[PDB]
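Novice: Can you keep this structure in mind? I'll have questions shortly.
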Amino acid sequence: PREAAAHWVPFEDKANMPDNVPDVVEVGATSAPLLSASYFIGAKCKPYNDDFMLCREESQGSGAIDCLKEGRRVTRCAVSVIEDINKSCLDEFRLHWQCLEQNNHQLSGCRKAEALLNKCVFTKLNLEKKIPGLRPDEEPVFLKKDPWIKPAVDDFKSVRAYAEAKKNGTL
Amino acid sequence: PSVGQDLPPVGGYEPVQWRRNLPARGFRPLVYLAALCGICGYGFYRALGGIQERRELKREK
């Protein structure tokens with residue numbers, strides 16, 4: 001839809017959901033940690049996400065009311081991913097999304113924290129980052145050694161952590 | 001007679017420069033054209049390489 005125009009007053013609604021709709025926790029993460037956990041959500045919630053979208057498409061208009069079970073599953077899978085991150089991989093995750101905040105949510109300014117986080121989640125949770133649609137001939141941009149595009153200032157904490165991890169063989 | 005007059009020296013003066021002294025300077029012009037073409041070619045190599053990386057970052061986003 002279009003954005004509002006020329007005047008607009010926000011209005012909330014203090015009503016509760018009907019009782020034939022079970023309750024579901026929300027995700028609760030803001031922009032940056034969710035951008036950091038996007039690929040790990042996609043690695044685990046592919047079937048649930050595409051089932052949600054397929055039941056929306058098959059409904060042909062009534063997707064808001066026909067797809068509630070499916071959306072609840074999607075929300076729960078995402079909450080599980082972020083709970084696993086917080087339980088196990090919180091320091092690297094926080095490095096990554098604070099690094100995203102000081103940039104303009106450009107993942108090109110955060111590769112040194114991204115590497116640590118991807119290693120951590122691949123070892124503990126067994127979820128790896130993959131950019132689909134590519135060929136075996138194409139290099140994914142998050143694995144390039146020397147890119148053209150680099151941050152103005154590389155994040156300090158991430159640099160110190162990358163250095164320490166290379167000195168301790170964690171990478 | 002002539003006692004305290006302002007007169008020239010005996011060997012005259014050392015000669016002065018009154019002919020045109022605009023010397024030709026610079027490399028031959030095709031050297032400047034080659035440098036231009038190399039500068040702009042390298043800039044295109046550097047820029048188009050950056051457009052492709054931006055495209056892949058867009059894919060990631």
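Just remember, in the structure tokens the first chain shown is A, the second B, etc., residues are 1-based per chain, and ligands are 1-based in the order shown.
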May I have the residues within 12 Å of region 39-55 of chain B as a PyMOL selection string, using only C-alpha atoms and disregarding those fewer than 4 positions away in the same chain?
Specialist: (chain A and resi 106-108+138-144+146-150) or (chain B and resi 32-35+59-61)
Novice: Give me a file of those residues, with C-alpha atoms, as a compact mmCIF listing (two decimals), in the first residue's frame.
Specialist:
# COMPACT_ATOMS: atom_id res chain seq x y z
CA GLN A 106 24.70 -2.26 5.41
CA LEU A 107 26.02 -5.78 5.87
CA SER A 108 29.19 -4.72 4.02
CA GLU A 138 29.80 -16.99 -8.65
CA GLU A 139 31.49 -15.91 -5.43
CA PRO A 140 29.11 -14.91 -2.62
CA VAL A 141 29.90 -11.35 -1.63
CA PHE A 142 30.04 -12.16 2.10
CA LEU A 143 32.98 -14.53 1.45
CA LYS A 144 35.07 -12.18 -0.70
CA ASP A 146 39.21 -8.15 -0.57
CA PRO A 147 36.02 -6.36 -1.63
CA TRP A 148 35.78 -3.09 -3.46
CA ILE A 149 33.31 -1.72 -0.91
CA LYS A 150 34.55 -1.40 2.67
CA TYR B 32 48.36 13.15 -23.20
CA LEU B 33 45.55 11.38 -25.06
CA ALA B 34 46.94 7.97 -24.09
CA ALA B 35 47.18 9.08 -20.47
CA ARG B 59 21.06 -9.64 -3.54
CA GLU B 60 22.10 -10.25 0.07
CA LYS B 61 19.78 -7.49 1.31
Novice: Need the shell around residue 25 (chain A): protein/DNA/RNA residues with any atom at most 10 Å away, counting only C-alpha atoms. Skip same-chain ones fewer than 6 positions apart. Format as a ChimeraX atom specification?
Specialist: /A:72,75-76,79
Novice: Those same residues - N, CA and C atoms - I'd like them written as a compact mmCIF listing (two decimals), in the first residue's frame.
Specialist:
# COMPACT_ATOMS: atom_id res chain seq x y z
N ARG A 72 1.33 -18.51 12.92
CA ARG A 72 1.76 -18.83 14.27
C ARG A 72 2.97 -19.74 14.24
N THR A 75 6.02 -17.58 13.30
CA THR A 75 6.44 -16.78 14.45
C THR A 75 7.16 -17.62 15.49
N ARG A 76 6.65 -18.83 15.76
CA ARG A 76 7.28 -19.67 16.77
C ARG A 76 8.66 -20.14 16.32
N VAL A 79 11.00 -17.23 16.77
CA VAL A 79 11.28 -17.03 18.18
C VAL A 79 12.25 -18.10 18.68
Novice: Taking only chain B into account, list the residues labelled alpha helix (DSSP H) by DSSP (computed from the backbone), as a PyMOL selection string.
Specialist: chain B and resi 29-60
Novice: Using only C-alpha atoms, which of A:131, A:32, A:165, A:159 sits nearest chain B?
Specialist: A:131
Novice: For residue 57 (chain B), which of A:111, A:69, A:96, A:46 is the closest residue, counting only C-alpha atoms?
Specialist: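 Residue with the minimum atom-to-atom distance to residue 57 (chain B): A:111.
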Novice: Using only C-alpha atoms, find the one residue out of A:113, A:71, A:166, A:134 that sits nearest to residue 23 (chain A).
Specialist: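 The answer is A:71, which sits nearest to residue 23 (chain A).
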Novice: Expressed in Å to a single decimal, how great is the separation between CA of residue 42 (chain A) and CA of residue 101 (chain A)?
Specialist: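 It comes out at 21.8 Å.
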Novice: For chain B, which of A:44, A:132, A:83, A:15 is the closest residue, counting only C-alpha atoms?
Specialist: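 Checking each of A:44, A:132, A:83, A:15 against chain B, counting only C-alpha atoms, the winner is A:132.
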Novice: Out of A:4, A:53, A:127, A:99, which residue has the shortest atom-to-atom distance to residue 151 (chain A) when counting only C-alpha atoms?
Specialist: A:99
